[PDB]
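What follows is a short report on a single structure.
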6 protein chains.
Amino acid sequence: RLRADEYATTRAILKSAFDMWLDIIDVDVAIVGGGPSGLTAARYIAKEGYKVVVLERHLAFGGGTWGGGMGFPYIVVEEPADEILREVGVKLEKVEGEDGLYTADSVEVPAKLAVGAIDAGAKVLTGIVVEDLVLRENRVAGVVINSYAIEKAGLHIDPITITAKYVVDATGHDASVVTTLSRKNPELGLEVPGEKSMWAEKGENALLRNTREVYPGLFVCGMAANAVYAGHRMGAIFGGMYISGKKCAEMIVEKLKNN
Amino acid sequence: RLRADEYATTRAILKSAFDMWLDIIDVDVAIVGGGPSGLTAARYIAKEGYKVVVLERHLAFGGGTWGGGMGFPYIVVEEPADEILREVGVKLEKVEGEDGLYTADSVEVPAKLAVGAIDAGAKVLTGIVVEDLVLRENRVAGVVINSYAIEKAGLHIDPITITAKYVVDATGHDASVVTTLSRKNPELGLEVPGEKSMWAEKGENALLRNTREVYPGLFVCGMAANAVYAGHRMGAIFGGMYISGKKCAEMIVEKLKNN
Amino acid sequence: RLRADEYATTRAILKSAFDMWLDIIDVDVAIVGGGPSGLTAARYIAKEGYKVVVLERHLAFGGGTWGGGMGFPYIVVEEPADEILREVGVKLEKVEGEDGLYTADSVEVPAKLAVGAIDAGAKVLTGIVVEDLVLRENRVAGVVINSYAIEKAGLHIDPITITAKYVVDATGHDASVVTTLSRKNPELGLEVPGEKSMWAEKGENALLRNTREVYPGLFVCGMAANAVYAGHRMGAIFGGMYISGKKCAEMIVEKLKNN
Amino acid sequence: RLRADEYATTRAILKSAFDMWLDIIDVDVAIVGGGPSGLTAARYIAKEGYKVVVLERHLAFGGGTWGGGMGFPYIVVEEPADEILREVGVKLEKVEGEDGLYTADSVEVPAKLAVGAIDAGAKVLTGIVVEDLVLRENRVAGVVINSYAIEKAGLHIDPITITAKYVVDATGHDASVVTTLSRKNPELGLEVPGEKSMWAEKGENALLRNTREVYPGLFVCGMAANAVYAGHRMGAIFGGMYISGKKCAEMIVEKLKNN
Amino acid sequence: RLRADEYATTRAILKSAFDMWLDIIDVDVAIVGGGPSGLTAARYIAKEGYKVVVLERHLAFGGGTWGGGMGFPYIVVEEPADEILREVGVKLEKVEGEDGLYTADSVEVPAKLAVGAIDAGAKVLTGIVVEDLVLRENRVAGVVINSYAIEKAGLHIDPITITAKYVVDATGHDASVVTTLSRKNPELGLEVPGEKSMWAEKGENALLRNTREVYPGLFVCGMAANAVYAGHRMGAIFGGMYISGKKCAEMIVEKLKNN
Amino acid sequence: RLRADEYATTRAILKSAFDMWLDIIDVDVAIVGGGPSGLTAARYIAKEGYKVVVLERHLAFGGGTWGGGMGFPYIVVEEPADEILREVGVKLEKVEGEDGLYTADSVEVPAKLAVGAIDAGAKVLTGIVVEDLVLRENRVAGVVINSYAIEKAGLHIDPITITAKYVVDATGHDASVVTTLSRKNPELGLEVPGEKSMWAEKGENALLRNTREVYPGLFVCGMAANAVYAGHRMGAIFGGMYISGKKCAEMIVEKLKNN
Ligand SMILES: C/C(=N\CC(=O)O)C(=O)[C@H](O)COP(=O)(O)OP(=O)(O)OC[C@H]1O[C@@H](n2cnc3c(N)ncnc32)[C@H](O)[C@@H]1O
Ligand SMILES: C/C(=N\CC(=O)O)C(=O)[C@H](O)COP(=O)(O)OP(=O)(O)OC[C@H]1O[C@@H](n2cnc3c(N)ncnc32)[C@H](O)[C@@H]1O
Ligand SMILES: C/C(=N\CC(=O)O)C(=O)[C@H](O)COP(=O)(O)OP(=O)(O)OC[C@H]1O[C@@H](n2cnc3c(N)ncnc32)[C@H](O)[C@@H]1O
Ligand SMILES: C/C(=N\CC(=O)O)C(=O)[C@H](O)COP(=O)(O)OP(=O)(O)OC[C@H]1O[C@@H](n2cnc3c(N)ncnc32)[C@H](O)[C@@H]1O
Ligand SMILES: C/C(=N\CC(=O)O)C(=O)[C@H](O)COP(=O)(O)OP(=O)(O)OC[C@H]1O[C@@H](n2cnc3c(N)ncnc32)[C@H](O)[C@@H]1O
Ligand SMILES: C/C(=N\CC(=O)O)C(=O)[C@H](O)COP(=O)(O)OP(=O)(O)OC[C@H]1O[C@@H](n2cnc3c(N)ncnc32)[C@H](O)[C@@H]1O
Ligand SMILES: [Fe+2]
Ligand SMILES: [Fe+2]
Ligand SMILES: [Fe+2]
Ligand SMILES: [Fe+2]
Ligand SMILES: [Fe+2]
Ligand SMILES: [Fe+2]
């Protein structure tokens, strides 16, 4: 005999949401993009006890991972990055005739990446678009957010804000946060040239160098890093994404400690 | 120094996918819909050692859970259904002034439901649409599948099939599998009247009665059950969905054992 | 020297909105539609001290009034209904060769109707769609609401609820609330035949008879009344809309007092 | 017993509309945009007895105010700008822990701003798009108007004109009037760089400096001012918009008196 | 009495497709575009025993040939190019008052061109989009592929790869492969100016000069050649297309033999 | 040194097209649909010396064959139907563990089917939609045709006609010709119930019985036959389609000879 009431359900949702919102509008780190790089970054920062929010446009997390390679629902990871997936429980299978190369179910990975982030203490908000940055003297000091619903519906409605010590552009190929900063504030002299064509080995190894603070308060990781610094793309192999996100976390953790 | 090759990445994805496909085209149970009811059903069946596939249209699982209530990212669960979420690790918080009523993060729940299903041994395939049924004498004997990409692109391309002992319509409000069966085979005398307006208590309690075998080989659970048997909708409270999915699993497990 | 902060602006909006929401989810009367009939009804009920919310799909109130007649930005009103517009401050100009017939600026009217409603104490919420009803034994006991943004974006997100003693369908030509009730709960034997063609005099006078309780807890007024009871349409003359809304208010006020 | 006739209704609308049109095609000031800055400007100019028309694309006035902040239906105002809203009857509530900061119902504000403008004598026309300017030797001498219906329908139909001594671009973020002037007449050497990212305090204070005559006969106010002069955006706080509109009015009133 | 089974049909399609895919991901030549130039090139290369794949976006081959001239279903060919169509069985009819000029059924030609390519040993894959290139030191070493379904559906899914010694852009007017190379890797200093207006004689004769290796590993033929080198277009006369494709084949065969 | 002229190219296309059109507007048989069933039917009728035209909506022939099964580019054929594909040169490969079952490249098949039809003397016109029938006393005496361009563009342009002794609906799942006849001429008492769900063996064997003259002058073959007579669908196995088309041809050849 289940017990359920409309008013109580509605009231409960409103109370949890409004408590959540009042808390989440000031954070240590706001990561933009709930793909593999962003969710990895979120886990490793939150793991150290800092207050982290991930903002993802789509209602589901996962970014461009779900469809694997051309719809074939597996993705690839190379050592030592496989270890990052093992930490969150992902089953990995060896590739035939290839040492240190593994495949994983493209549906399993996002789920487990997200759980890792949430259980480490990161808050993941979906249906939220970062449309701009909050600025202070010589730095990025937060994000300007709107709902995916409002964006996709095309309604003329103003955004609200989340204040952050650090922001991370983990938005994938488009590097949409860095792109917006550079476009609306041209006097900063930032440029997003976009990625080069596919060269997997060069692309993967460029990511670690390209994962860094682009402007004070704003880091970039994942494919966004190679868009900002013109690295090569690498196809459906994700070790670089995970290591990039992990590295981004370590850099930001260091800066948070120094203060 | 990361090691990566385009051919090896591509080859690896192809090999894992084609092994997966050759195995998955005959199953014990094909569940249609990767929402809360479908993912719960998948866990409880796979948990007993049977071969289960979930087929979900969208690239991400989770169904209509991600947005909580009107975008406020929390959902509600009432006892004893809260216990089903605790089994998969979901954090629950008590609702103020309400006994046996809990809220949960609307992003956390789908992630953990999916992990539960997959770790129990269920295979979850996304970007797959069930467009029809495979029939035998007096029963449903499988599903007719196409890709979401092909559907959304509008391309005129034929489906393939997955053979199953049992099929479950866990497709939500539309009851799209039962609806298709009844529409294309009118001589079966099936009808999908659709749900009634909102009455949460009546809706929740109708679900258990409405979770059943609609035609031999075809079960229904979740909101689809109330669409097929004209139960009330209940709003953003999910205990009924979880219990319905669990019950559906138990019914089907019993039938599989009897054979 | 203006003082402004992002966090404070955001916090302030969140606090006012969440206080508003927690209060508004239980009301005496929920009026659906912020057109001329709905806004008039709202004023006359709130004026008597009852707790009223108007729910309007579009971000602006006003319904189908703004464009006047075929874009010519004037609407017409006939006595004694002109008196209802005078009560909210609308300037009226006599029509040449016609006694008891006036024109009014089609932009002025909605503005002043809305102010009248708000200053009488009615809450007007825009960007909100009533998609269904909350039911109890033999009656309508509230509304099921979602955002226009979510509807127009096509996102699969559950609604929340507002509990009410009375609901009013003031949704215009479509009578969308009565239509939904009748469609989803066919055993109630309700039908919405839709309006007849234009006969202004017959249409206007049918409205008063057609303004009534269609099912316990659910009233209808404005053009919705003639859609439900197959009255004629009347063109860009609005006296009937105002009187219908006023009458609807009086009927509901009486029922609230009797309890 | 209501009296209504189709021919009389139609005739009445035609007569009022055509009288209105013949009068409105020559004005002192044509304000483009019926948002908060434009409606404030309109009130303060009309208040001094000058002939003002506001031209707004959408059928409703209000611009980007209705949805508050990310759909939460409240907006913020800081002193002394709160006084401008009090003049038109808006209820304001103090923000907790913040002096000189208030919230207001995002539906109430547009309604009351519009009433203020109309009751001061400004004419507000909606469903009208300014697509270009009328030019004379070294100045803007009017606006080129079409209907929103014609624009949105994509029909190839010529515009008509309203002659004005002064035109005001109060079109918001896009600064669409100044942008069009600069694009079609490049030899004027005007440029619209567009706004910078969010810095609320700097954005708000830049508005007063940025509210000015961009080219003889053409003023800019509201967010359009910061688009033209590359000021920062400020989020859902509106004091700057109101003060900008008020200042724009005072500047133009002075110029009208000097002649 | 026909014999048919769902599982066997599905299994058979999966086995043939996965064998095909594992073989086709490394080739001698990957031709992009299954129009007249691409299909001619494919025949003449495969004819010499090399491993060739043609990748075509649309589900059918044929490119822009099917509609003839403005829907009139005939195309034109001039000597000696007519001989290339005779080799694949196309019926040709002399044009009245014109020596060495022939018409052919615009539906017959693509069919026979495709058969010629396939029977020579070329594999033609349709519904496949080349979205990028695989690069090595100073050359193009393969293609980055996705499905047309995924592209047209707008899904965020990663591509896979086909390794090749040589790639051919036979994509028609857009020269989409060379364009992508030049856009994403600007430091290569490639440019695609696009075709000039129509001058048939000059356009046809420019093609042979313009058919060449644009960058090491990447050839161009057909209309793509005149887009890359700013040749004139020629209208619905195709001799240049066939000769260009044939020449492209000969050049690449020579390079393959030299190694 | 290629010779090409714009006027001569244009003139040549016009002359061939207009000769073609003047000839093709009266035929023995008009087959609607250039899929596998229609192209097979066309070959076997034209082979006997009769005047046949195939009318296909899309610019390419092939119907729903190109994509194989869910994009995997192979289709299946069972004996003795494999013999029909061997007659037109298609390479077939045996399915492992299955006697009398073969796979074929889904791109090769349409090409070779089309060549078979054309070389047998059938005219195939693409980009042509049959929108209606020409009627005489108790029979269908031709087809009403428009262009796909006109249909897809939505232009209000009248059709023209092709006179035929027999018309064949080979339009696939929709049975669009029979459907149109039955819809517009209800007094004929025709009905198109549509196909049943998938049962491959029953679907394949129903086709031969269902391939027949539905109304005097109008035959049906391919999947259209099972739509008209409520047979089962069979998935991506095509033997039934080929045999159905062949049988349709034989029936019509017999009727032509008897006259
Ligand atoms: C390896 C690879 N490609 C190789 C190749 O193509 O050769 C990939 O594409 C990987 O998926 C890249 O992973 P990565 O974590 O870098 O990005 P992703 O998966 O695309 O995730 C980014 C996420 O960010 C989201 N997003 C975008 N912009 C915004 C915004 N302004 N606000 C909120 N969210 C936003 C977007 O929806 C997405 O979920
Ligand atoms: C409680 C509630 N509502 C109360 C109220 O509204 O008042 C809900 O709406 C719940 O979300 C319902 O849960 P439930 O597990 O029943 O369904 P869901 O969440 O909608 O998930 C079903 C899933 O099934 C998917 N789906 C649909 N049809 C197909 C198809 N033919 N093939 C593949 N997948 C398909 C669809 O994408 C969706 O993800
Ligand atoms: C006199 C006349 N016509 C004569 C003739 O045509 O001959 C008119 O059309 C009048 O405008 C009718 O006035 P009335 O007050 O009856 O309606 P209106 O102006 O159309 O306002 C109704 C409002 O209700 C809104 N609405 C609709 N459905 C929903 C929903 N389900 N939830 C939330 N809001 C909804 C809708 O957006 C609209 O704004
Ligand atoms: C404070 C803030 N943002 C902060 C932030 O984003 O960080 C805002 O966006 C405010 O709403 C800005 O107020 P403001 O009065 O400047 O503009 P608004 O509200 O956008 O109103 C302008 C109106 O003008 C209209 N309009 C546009 N272009 C034309 C045209 N060519 N002809 C006719 N009308 C037109 C347009 O439809 C709109 O209604
Ligand atoms: C003579 C003439 N015009 C004269 C005039 O207009 O004056 C023509 O237009 C001829 O058709 C040109 O023949 P040609 O073989 O050069 O090209 P085509 O017929 O357009 O075929 C190219 C094919 O290539 C395809 N394609 C494009 N881009 C991609 C991609 N990125 N990946 C996969 N396939 C792609 C495209 O779909 C098309 O089918
Ligand atoms: C076996 C199978 N399915 C099994 C399953 O799904 O379970 C199939 O779908 C097969 O492709 C069916 O082959 P068949 O030759 O019957 O049909 P098809 O391939 O769909 O070809 C019909 C053609 O006819 C065309 N067409 C449609 N209507 C019109 C019109 N009014 N005028 C002109 N042409 C038209 C249409 O565009 C199409 O190209
Ligand atoms: Fe704004
Ligand atoms: Fe089919
Ligand atoms: Fe729901
Ligand atoms: Fe013009
Ligand atoms: Fe990618
Ligand atoms: Fe006609």
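To find a chain, count down the sequence lines: A is the first, B the second, and so on, and within it residues start at 1. Just the heavy atoms: all of them, side chains too, but no hydrogens, waters or symmetry mates, feed the values below. Read the numbers this way: they start at 1 and go in the same order the structure lists the ligands and their atoms.
Side-chain N or O atoms of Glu78(B) include one that pairs as donor or acceptor with a backbone N or O of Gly239(B) at under 3.5 Å. A distance-only check finds a donor-acceptor pair linking the side chain of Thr179(B) to the backbone of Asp174(B) [under 3.5 Å]. Between the side chain of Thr10(A) and the backbone N or O of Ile160(C), no donor-acceptor pair lies under 3.5 Å. In this structure, the side chain of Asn146(D) engages the main chain of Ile157(D) through a donor-acceptor pair within 3.5 Å.
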Validation: residues 58-71 of chain B side-chain donor-acceptor distances under 3.5 Å, sequence neighbours left out:
residue	atom	partner	partner atom	Å
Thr65(B)	OG1	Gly62(B)	O	2.7
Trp66(B)	NE1	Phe61(B)	O	3.0

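When you scan the N, O or S atoms of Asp158(D) for the one nearest the Fe ion (ligand 10), you land on OD1.
A heavy-atom cutoff of 4.0 Å around ligand 3 is satisfied by the protein residues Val32(C), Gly33(C), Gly35(C), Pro36(C), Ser37(C), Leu55(C), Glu56(C), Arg57(C), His58(C), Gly63(C), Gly64(C), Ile128(C), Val129(C), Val130(C), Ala170(C), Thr171(C), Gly172(C), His173(C), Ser176(C), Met198(C), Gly222(C), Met223(C), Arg233(C), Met234(C), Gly235(C), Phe238(C), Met241(C).
A salt bridge links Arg233(B) to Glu131(C): at least one charged side-chain nitrogen sits closer than 4.0 Å to a carboxylate oxygen.
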